[PDB]
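Structure, as structure tokens:
In the authors' numbering, the protein residues as written are 0 to 225.
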């Protein structure tokens with residue numbers, strides 16, 4: 000029947016443009032299946048990095064009668080993208096910011112048709128914003144939201160004919176999310192402060208001068224924005 004997604008991925012789906020979705024490291028092709036069942040996209044590519052998710056995606060596409068509309072591919076990151084593909088959206092979800100960043104940078108040659116990027120980061124989204132900036136991408140929307148008590152960020156970006164430089168605060172906190180600072184922004188960064196002060200409970204100041212200087216600088220950045 001109709002697939003139901005979690006709220007994190009449902010929220011991602013609301014940023015899809017019409018056409019093709021390429022879901023990278025897909026969670027068993029459910030986001031592409033949902034997108035087609037709901038008429039958000041026409042066609043899909045589901046990239047799966049290892050055999051288990053690959054085999055599951057193949058079975059799920061077949062079970063939903065979408066074998067002619069979603070192409071399930073085995074490969075890491077953007078390695079699955081083929082030269083003849085027409086891709087309107089690349090989605091990369093359920094990963095840390097640093098991994099999404101690495102996928103985009105390592106795969107940058109696959110971005111020539113300038114698709115919309117919809118990235119859903121679990122942690123440390125700074126790295127992905129730094130990479131987007133390097134790739135002539137511009138953040139056009141951001142969401143911060145909570146599901147099952149965990150806070151997730153969604154970053155929506157499109158290609159710009161000039162590189163868009165972000166400040167240190169915009170990279171760390173988000174150029175859109177800074178404009179709003181919703182209850183989930185405050186909760187996320189309160190939690191991150193608690194984690195940084197907790198690290199200070201574990202590191203002797205005589206033995207960790209360099210590392211503690213970095214932690215204290217980061218605390219001061221967050222305390223200024225809250």
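Idealized CB from N, CA, C, for every residue including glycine.
Q: Reducing DSSP to helix, strand and coil, say where residue 55 ends up.
A: Translated into positions along the chain shown, residue 55 becomes position 56. In the three-state reduction of the DSSP assignment, residue 55 falls in the helix class.
Q. Does the Cβ of residue 225 have 16 or more other Cβ atoms within 10 Å, making it buried, or fewer, making it exposed?
A. Position 226 of the chain shown, counted from the start, is the residue given in the question as residue 225. Residue 225 is exposed by the Cβ-count criterion.
Q. Using the rule of at least 16 other Cβ atoms within 10 Å of the residue's Cβ for burial, across every protein chain shown, is residue 25 buried or exposed?
A. The count along the chain shown starts at 1 and reaches residue 25 at position 26. Around the CB of residue 25, 16 or more other CB atoms lie within 10 Å, so the residue is classed as buried.
Q. From residue 62 to residue 33, what does the alpha carbon distance come to, in whole angstroms?
A. Walking along the chain shown from the start, residue 62 turns up at place 63. Walking along the chain shown from the start, residue 33 turns up at place 34. When the Cα atoms are used, residue 62 and residue 33 turn out to be separated by approximately 13 Å.
Q.
Within a Cβ cutoff of 8 Å, which residues of the same chain sit near residue 183, ignoring the five residues on either side of it in sequence?
A. Counted from its first residue, the chain shown places residue 183 at position 184. Leaving aside the five residues that flank residue 183 on each side, the residues in its chain whose CB is nearer than 8 Å to its CB run, in chain order, 143, 144, 145, 150.
Q | DSSP three-state assignment for residue 25, whether helix, strand or coil | A | Sequence index remark: in the chain shown, residue 25 carries index 26 (1-based). Residue 25 falls in the coil class under three-state DSSP.
(Q) Let's see if you can read the secondary structure: which residues bound the alpha helix (DSSP H) around residue 222? (A) Within the chain shown, the letter at position 223 stands for residue 222. It spans 208-224 - the alpha helix (DSSP H) in which residue 222 sits, taken as one unbroken run.
Q | Close-in-space but distant-in-sequence residues of the same chain around residue 213 (CB under 8 Å, 5 per side omitted) | A | For the purposes of this step, residue 213 is taken as the residue at position 214 of the chain shown. Excluding residues within five positions, none has a Cβ falling inside 8 Å.
Q: Compare the beta carbon distance of residue 138 and residue 131 with 8 Å and say whether it is the shorter of the two.
A: One-based indexing of the chain shown puts residue 138 at position 139. One-based indexing of the chain shown puts residue 131 at position 132. It is a contact, given that the beta carbons lie within the stated cut-off.
Q.
Give me, in chain order, the residues of the same chain whose beta-carbon lies closer than 7 Å to that of residue 83; leave out the 5 immediate sequence neighbours on both sides.
A. Start at 1 with the first residue of the chain shown, and residue 83 comes out as number 84. Shown here for residue 83: not one same chain residue has a beta carbon closer than 7 Å to its own, the five before and five after excluded.
Q: Go through its chain and collect everything with a Cβ distance to residue 89's Cβ below 7 Å, but skip five positions before and after it.
A: By one-based count along the chain shown, residue 89 stands at place 90. Exclusion of the five residues before and after residue 89 leaves 21, 23, 114, 116 as the residues of its chain whose Cβ lies within less than 7 Å of its Cβ.
Q: Just the C-alpha distance for residue 109 and residue 120, rounded to the nearest angstrom, thanks.
A: Taking the chain shown and counting its residues from 1, the one referred to as residue 109 is at position 110. Taking the chain shown and counting its residues from 1, the one referred to as residue 120 is at position 121. Straight through space, the alpha carbons of residue 120 and residue 109 are spaced by roughly 21 Å.
Q: Express the C-alpha separation of residue 71 and residue 58 in angstroms, rounding to a whole number.
A: Mapped onto the chain shown, residue 58 falls at position 59. Mapped onto the chain shown, residue 71 falls at position 72. It is roughly 10 Å from the alpha-carbon of residue 58 to the alpha-carbon of residue 71.
Q. Under the DSSP definition of a beta bridge, which residues are partnered with residue 34?
A. If you number the chain shown from 1, residue 34 lands on position 35. Residue 34 has no beta-bridge partner at all, per DSSP.
Q: Inspect the beta-carbon positions of residue 174 and residue 165 and report whether they are closer than 8 Å.
A: What you label residue 174 is simply residue 175 of the chain shown in a count that begins at 1. What you label residue 165 is simply residue 166 of the chain shown in a count that begins at 1. Cβ atoms of residue 174 and residue 165: closer than 8 Å.
Q: Could you tell me which residues DSSP puts in a beta bridge with residue 120?
A: Within the chain shown, residue 120 is the residue found at index 121, counting from 1. In DSSP, residue 120 forms a bridge with 94, 152.
(Q) For residue 158 and residue 36, what's the separation of their Cα atoms in angstroms? (A) The residue you call residue 158 lines up with position 159 of the chain shown. The residue you call residue 36 lines up with position 37 of the chain shown. Whole-angstrom Cα-Cα distance: 28 Å.
Q. Which partner residues of residue 100 appear in the DSSP bridge assignment?
A. The residue you call residue 100 lines up with position 101 of the chain shown. DSSP, once it has assigned bridges, lists no residue as partnering residue 100.
Q: Decide if residue 196 is buried, meaning its Cβ has at least 16 other Cβ atoms within 10 Å, or exposed.
A: Looking up residue 196 in the chain shown gives position 197. Answer is exposed; the Cβ neighbour count stays below 16.
Q | For residue 187, the nearest candidate out of 78, 124, 207 (CA to CA) | A | Residue numbering aside, residue 187 sits at position 188 when the chain shown is read from its first letter. For residue 187, the nearest C-alpha among the options comes from 124.
Q: Using a threshold of 8 Å, state whether the C-beta atoms of residue 133 and residue 170 are closer than that.
A: On the chain shown, position 134 is the one that residue 133 refers to. On the chain shown, position 171 is the one that residue 170 refers to. Contact flag unset, no.
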